[PDB]
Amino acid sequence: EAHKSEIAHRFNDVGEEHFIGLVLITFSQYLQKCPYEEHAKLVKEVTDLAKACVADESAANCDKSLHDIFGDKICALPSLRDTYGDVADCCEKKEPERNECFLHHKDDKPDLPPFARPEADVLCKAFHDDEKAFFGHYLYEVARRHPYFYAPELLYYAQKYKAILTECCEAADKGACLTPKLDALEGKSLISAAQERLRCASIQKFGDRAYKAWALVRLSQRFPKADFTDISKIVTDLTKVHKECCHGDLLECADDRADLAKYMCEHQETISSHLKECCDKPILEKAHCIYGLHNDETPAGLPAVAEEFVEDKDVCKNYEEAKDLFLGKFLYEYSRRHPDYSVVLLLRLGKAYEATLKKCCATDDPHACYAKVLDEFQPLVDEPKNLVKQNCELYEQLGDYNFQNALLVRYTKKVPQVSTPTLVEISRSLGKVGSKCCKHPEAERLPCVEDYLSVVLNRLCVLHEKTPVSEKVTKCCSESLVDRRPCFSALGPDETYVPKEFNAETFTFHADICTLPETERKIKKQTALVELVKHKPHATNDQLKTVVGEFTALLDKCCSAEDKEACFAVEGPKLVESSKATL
């Protein structure tokens, strides 16, 4: 087992700048609470060590696994036990249990202050004083709040963040240039985080096979002229990439992803002409381009899908003798014909087809039994379409704020045991599905909506698993990955839930609220709306509206009032009595 130093290999493969970023991210994701300055020191020591091994491969520590290098540096942190003590224990284990112990402490919602944005002048000045430390902080802040963030994409966002600052910090008015572009970039980055968290849940909680079937369908939609063997190749390498990334093997992840990008670029002629635009760019823009590439057009001359999958004499034979191959070919062939379906719908159709063959190939005239199996998809196709049609109409009608309020009331009634901040967060994110998708054309609307519901509901499943209270969430989350959305949509109001009393100290506000922007005021209003519903589950909209209306007017009234405490002191008690009279 004489071998090439792994740390040298990786540093040589990704280059010093990406190496440093990737090591910072690894530490930030393993030790989410530790201050930036500790992480920086650790990054410095690992980088120095990588650079010594690059120079002499037989140097101290050069023959160790990456896991061992990281773990040894973490365990030589003098101020280790004070931040967790959970982790302190980890350091008495040997590899591999030690690495596994660090990964089990990744926290999906760490108890941290919310990410502050400084004022434009402040932000700009920090950028100009020290670029490297400034972008350090950004990787760290994002990585510690999103411990499964796709590491190479985080590097790419840090580039985009750098370009927005380079743009705006010279321009005349700074804030007005910055705020919309940084809000725009945060939005995209929270979507990236949610997509990747679902890749990791699928891999880690449901197996390599759940992720592979998902990637097959999505890549067949995106590169429908490519052939099955090529798609499957790409699925296999991407699975290895996300497995490593989701597991904190981030250097390996970035290196394997670059190789994948190079492979698709070299084979672009047999994959998609739309690759031309990506394949001349530098690696982070190159990979990000591939990652989100617009679907190719559907190729001409594809025979009716029913010839292979219903009419061929060998349908039962191919299903029985080569099941995964045959069903993978189904998913490919059906998906490449349907870029207008969502991935989860296509996976559901695949499961129905498989259940039909299981049943029918076990009878004495199977073709008799399964002849209509493609026509019988229609009910599974219409349900998602009606969901989209009816909720987009509801969105158009109510607008963003009241669409969020509708979903908050609806979700609090389905799963009222769920903690308030999870409810508020999840419902606001479902609201944001409307805004993103509802003005899209039909061709792309079902995919947009249902696969974005997928990532939002996974966030619910992940937050809930950390703090488990609702049996119904546990059931929808653990039973089926591809059935989650219909399972959640089918839940009615929970009529066995016992209403909680109203906490006196729920409308008690110290006028620290008056320093909040309007966007965070809405969140306080929506938090209060959830607690109203948890107290009177059958409360009407007009009732909820008059109480939140009366909280709106309290805020409108006191925050412009010189001496907001004397106001809030005298207006807040009268709100918790006026609420009882309405409810």
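Residues carry their position along the shown sequence, with the first being 1.
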item	value
348-356 versus 121-129 - which carries the larger mean C-alpha B factor in the record	121-129
Stretch exceeding the other in mean C-alpha B-factor - 97-105, 426-434	97-105
Residue with maximal Cα B-factor (values as given in the PDB entry) among 113, 416, 328, 384	113
Member of 142, 504, 245, 371 with the greatest C-alpha B factor (per the PDB record)	504
Third of chain Cα B-factors occupied by residue 81	highest
Ranked against its chain, the third holding the CA B-factor of residue 70	middle
CA B-factor placement of residue 30, once the chain's modelled residues are sorted into thirds	middle
Chain-relative CA temperature factor third for residue 305	middle
Modelled-residue ranking by C-alpha temperature factor, third containing residue 509	highest
